[PDB]
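Protein chains in written order, with my numbering: chain A, 43 to 201; chain B, 522 to 725; chain C, 15 to 151. Idealized CB from N, CA, C, for every residue including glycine. In what follows, a single structure is set out as structure tokens and then discussed.
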Amino acid sequence: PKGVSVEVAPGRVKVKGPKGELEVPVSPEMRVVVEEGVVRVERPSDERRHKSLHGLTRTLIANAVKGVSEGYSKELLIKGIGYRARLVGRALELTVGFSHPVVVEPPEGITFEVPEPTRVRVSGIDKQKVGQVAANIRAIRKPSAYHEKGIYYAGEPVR
Amino acid sequence: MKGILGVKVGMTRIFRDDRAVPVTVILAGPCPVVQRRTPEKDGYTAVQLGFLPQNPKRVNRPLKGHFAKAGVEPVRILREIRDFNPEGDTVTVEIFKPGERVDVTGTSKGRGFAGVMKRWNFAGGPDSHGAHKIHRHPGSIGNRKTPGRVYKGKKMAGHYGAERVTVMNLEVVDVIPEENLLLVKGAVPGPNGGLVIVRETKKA
Amino acid sequence: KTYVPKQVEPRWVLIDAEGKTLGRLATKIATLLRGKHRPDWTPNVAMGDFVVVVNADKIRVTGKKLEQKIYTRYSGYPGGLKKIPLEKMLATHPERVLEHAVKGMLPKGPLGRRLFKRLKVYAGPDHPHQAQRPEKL
RNA sequence: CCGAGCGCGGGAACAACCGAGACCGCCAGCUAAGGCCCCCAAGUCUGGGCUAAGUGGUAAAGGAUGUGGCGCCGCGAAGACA
RNA sequence: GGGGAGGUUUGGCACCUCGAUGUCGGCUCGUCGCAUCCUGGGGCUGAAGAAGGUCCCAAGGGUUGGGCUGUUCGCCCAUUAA
RNA sequence: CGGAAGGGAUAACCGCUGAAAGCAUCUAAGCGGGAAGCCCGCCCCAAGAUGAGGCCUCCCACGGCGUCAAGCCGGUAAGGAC
Ligand SMILES: [Mg+2]
Ligand SMILES: [Mg+2]
Ligand SMILES: [Mg+2]
Ligand SMILES: [Mg+2]
Ligand SMILES: [Mg+2]
Ligand SMILES: [Mg+2]
Ligand SMILES: [Mg+2]
Ligand SMILES: [Mg+2]
Ligand SMILES: [Mg+2]
Ligand SMILES: [Mg+2]
Ligand SMILES: [Mg+2]
Ligand SMILES: [Mg+2]
Ligand SMILES: [Mg+2]
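As structure tokens, this is what we get:
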């Protein structure tokens, strides 16, 4: 949590950094301690649900840090002949086996990038956003389970 | 949301560019605004449109005050138009350009206490083999001890027609402002003389 | 012979509703709706206190209720069993949820319907600024 | 037990399930079952836990890291489980 | 080989009705159920595409005309998204 | 000429982030997508919505009894009826 700027609030926590500030809805019955330059959190007891709440925020707060720190970005491969993608200003249009060229809206806080007609990164500041934005792309044209086509994260081939 | 009162004058067919087309002739005379009701003064936007002229003696009612409140010739009829604040003091057939489609609301013809077969277009019964009693009857209407009643809104013979009916998407044909006339796609509720309103359709 | 009361001036009341459990609140509203709280009670005359509530939307409700709770509106027509979840009522007219609560706890008799009138409800707050307003919890 | 106590209270309502055997009167008090937030009389009473399914508001063989409590055995700071 | 659901069939009791509760089909008019024939949505496939199989969600609407027989039922004819 | 389009929540279901359970999981906190269906949207009814609504406009004084509370009687106005 170096160089950060985590500020505690009642039911939430406002983290700041080079990328910017971002809210993160923190659970109610949790102690968001601010030890030294770093940050800690403790649970009110040792029950089943409480265990889930601690570990959850434990990472969820770690996301707010990393998000405004080094930022997030996922890649996207594209297999197939005509299958490709042209970046157009903010949004990106990509023909991928459909009569209508797909126009993809750029949501706020996110700015995907096109280093190649095949590869496509997804700049962002939140794991929830970037994670959704990634699938939103794979959703347009899932991997053909009979050969290589459609978009891919970076995982193994469907074969 | 365009809107204008008028009366069904009759209908015949014209020729578009080279094909025949049945068309009804509406008459949308100058309708003076009588009262622009804003959400402030009421709770919804609209406009009272007068219509035909009137013998000032017949309108001895307080309506005389309602007419003076806007300074206008005493009209015969006046109705509102939801979500529609235009301009000037009078709406005209200029509002509708040929090609635009419109909804026309009117009062269907009164067929009085019509038979069930006449009303819901039932089937009646056999004309030969069966008894000569149920030729035009509804036959059964329900079950046994259960429910033991009759479903409300069940179709049964009774007064029918002569009610508010609204045809839709009638394309506005040639509109002549030279006489306040307005052609449409033919079929239109009401008899030749009834009061009909014309509004903007909902294609999208 | 037991006391025979007479005409009594309507004692109005101002009632909050924030965080208040639906049932727990309606209970007191009804018991106070009729003069059942005052020792001068008389089921005959029915002279309950005029209860006025505010902050209706604020009403809490335990566990699966906003999603689980269902209401029933049956018209005389077939299939007219139209039913609505709790969340929708709060969207449309939310004051309804508490009304159908108190109404359900009021007596079935005619005077009970006369009592339901004594019950006023909104959410703002801001009642029709009349006069009486004895706050209560 | 009803029958013959379809007289009374409870059980929503219900001859025989629970209470209780009505000579009549009272604007008296204790109690029975079952109840004690409102419609509805009486504690939103006290202490201690279990359940978050509306289970409660009542269906099985079988199936499942649902949650809580007791006992046994193995590995573990001479370094365990993943 | 084992456990249920449903209350459409045959059957078993004989509890209201024998000082009467008209019984098969067809017609007319329907309404409701979903365990769905179609159309709409989805998982798996021994799913290449098309087409198909199977299971899940889903009543909103739709579910033809005719030959045989009193038939319900059923076979057949022409067609259908069914 | 209509079935819709379009908005919103949602079914099975696909998915993001993510524990309890260092891994993993769509789930328990949270979030997105997704049915001819659910709510709205279109057409019709509707203030007996006794919870009787709203806006514009027109008429308005007791003249004789009621000490009071509530009434009674003819002429009337706007306007209505025959
Ligand atoms: Mg005869
Ligand atoms: Mg009959
Ligand atoms: Mg005996
Ligand atoms: Mg008894
Ligand atoms: Mg006891
Ligand atoms: Mg016997
Ligand atoms: Mg008999
Ligand atoms: Mg395929
Ligand atoms: Mg399939
Ligand atoms: Mg189903
Ligand atoms: Mg024959
Ligand atoms: Mg839809
Ligand atoms: Mg009206």
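Is the Cβ-Cβ distance between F64 of chain C and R147 of chain C less than 8 Å?
-> no
Span of the alpha helix (DSSP H), counted from its first residue to its last, around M689 of chain B = First-last for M689 of chain B: 685 to 692, but that is the beta strand (DSSP E), not the alpha helix (DSSP H).
Taking C-alpha atoms, which residue in C:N69, C:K97, C:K83 lies nearest to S89 of chain C?
-> C:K97
How about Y91 of chain C: is its C-beta nearer than 8 Å to some C-beta of chain B?
-> yes
Identify the continuous beta strand (DSSP E) that holds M638 of chain B and give its terminal residues.
-> Premise fails: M638 of chain B lies in the alpha helix (DSSP H), 637 to 640, not in any beta strand (DSSP E).
Nearest residue (CA-CA) to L129 of chain C, options C:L47, C:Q21, C:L39 | C:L47
Does the stretch 602 to 620 of chain B touch the stretch 689 to 696 of chain B, meaning 3 or more C-beta pairs lie closer than 8 Å?
-> yes
Integer Cβ distance of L36 of chain C from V111 of chain C, believed to fall under 8 Å = 7 Å
Is the beta carbon of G682 of chain B sitting closer than 8 Å to the one on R632 of chain B?
-> yes
Would you decide whether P668 of chain B is buried or exposed? Buried here means 16 or more other CB atoms lie within 10 Å of its CB.
-> exposed
Report yes or no: do three or more beta-carbon pairs, one from the stretch 73 to 89 of chain A and one from the stretch 114 to 123 of chain A, lie closer than 8 Å?
-> no
Contact list for the stretch 668 to 693 of chain B against chain C, Cβ threshold 8 Å = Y672, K673, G674
When we look at the beta-carbon of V623 of chain B and count the other beta-carbons within 10 Å, is it buried (16 or more) or exposed?
-> buried
Out of A:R90, A:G109, A:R85, state which residue places its alpha-carbon closest to the alpha-carbon of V172 of chain A.
-> A:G109
Per DSSP, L702 of chain B is paired with what?
-> B:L548
Give the straight-line distance between the Cα atoms of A70 of chain C and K134 of chain C, rounded to the nearest whole angstrom.
-> 11 Å
Give the DSSP-derived three-state secondary structure of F588 of chain B in the structure shown.
-> helix
Residue closest to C552 of chain B, alpha-carbon to alpha-carbon, out of B:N581, B:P607, B:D538 = B:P607
Please name the residue, chosen from B:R540, B:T722, B:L691, that lies closest to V546 of chain B on a Cα-to-Cα basis.
-> B:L691
Close Cβ partners of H114 of chain C (< 8 Å) along its chain, the five nearest in sequence each way excluded = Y85
Would you call the stretch 84 to 98 of chain A and the stretch 152 to 166 of chain A touching, i.e. three or more CB-CB distances under 8 Å?
-> no
Measure the C-alpha to C-alpha separation of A708 of chain B and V717 of chain B and round it to an integer number of angstroms.
-> 13 Å
For the alpha helix (DSSP H) holding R85 of chain A, just list the boundary residues, first then last.
-> No alpha helix (DSSP H) contains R85 of chain A, which DSSP labels as neither H nor E.
Below 7 Å CB to CB, which residues in the same chain sit around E23 of chain C once its five sequence neighbours on both sides are set aside?
-> none
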